[PDB]
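Take a look at this single chain in structure tokens; it is the form deposited in one PDB entry.
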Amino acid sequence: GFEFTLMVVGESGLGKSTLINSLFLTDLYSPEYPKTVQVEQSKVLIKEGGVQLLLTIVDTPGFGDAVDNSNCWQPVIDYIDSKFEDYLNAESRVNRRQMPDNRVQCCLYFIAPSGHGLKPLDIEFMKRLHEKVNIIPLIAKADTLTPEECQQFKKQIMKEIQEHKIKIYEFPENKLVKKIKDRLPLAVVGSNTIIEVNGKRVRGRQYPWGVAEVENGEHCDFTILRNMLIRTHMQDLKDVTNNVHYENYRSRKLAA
């Protein structure tokens, strides 16, 4: 059995719940929100192929949705640092045989597909959280970008990430293989709707002019994201959470 704590952040209506529900092809996440940002948790135990995953989904309804979003990152910081604080207290006890670990191991940050670059709120959130959680920036609703637009948008976002000295999670990796960092930020399409396309039933979004396919790597990066989040990089995300973000929290608190 594994445990994974995954945080989702972005303005309402970016396909976030749809994306979570696409991860296990199951509408297992139905948040009530479609005041100040509230940080909430949902637990799902997934048993599939003789393996159990206890997934905690941490969401932040209200983020970025108000006229005045001043300090809307602060409830997110408070939640994350409070789990570091609990862990530090738990491991400092004389008897620590029971160790709960509620630390947030990944944050999907959904970027609206404007076609320009990052918004001021995107920059503030990532600058203020990047040393506290593994940030995976995602271009939301990628089926609203043409391929040329998507490539320009990715390049502009990565340039601005560098400009603001933001440290995102980059998915550390006999023939040459394109580097994953060259694909970032991943651009996703979500759907559990099955559509017949040329005699094959696929998940996608049906428009009068055609179908944007979730699992088609020429349409979006969902398959790559799902493979890394659930299978190949989950342990590394936990490792960085513990060995970097938590250890940096602890050293700061103990030195003070």
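Whichever C-alpha set is largest while still superposing within 1.5 Å between the two forms counts as the rigid core. Throughout, we count residues from 1 along the sequence that is shown.
There is another form of this protein, the form deposited in another entry, and it is not shown here; the text below is about that form.
Undergrad: After superposing on the rigid core, which residue out of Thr232, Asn242, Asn248, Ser12 has its C-alpha displaced by 2 Å or more between this form and the one not shown?
TA: Comparing both forms, the shifted residue turns out to be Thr232.
Undergrad: Answer yes if the Cα of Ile46 shifts by 2 angstroms or more between this form and the one not shown on a rigid-core superposition, and no otherwise.
TA: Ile46 C-alpha, core-superposed: shift of less than 2 Å.
Undergrad: Is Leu28 one of the residues whose C-alpha moves 2 Å or more between this form and the one not shown after the core fit?
TA: Yes; that C-alpha moves by at least 2 Å between this form and the one not shown.
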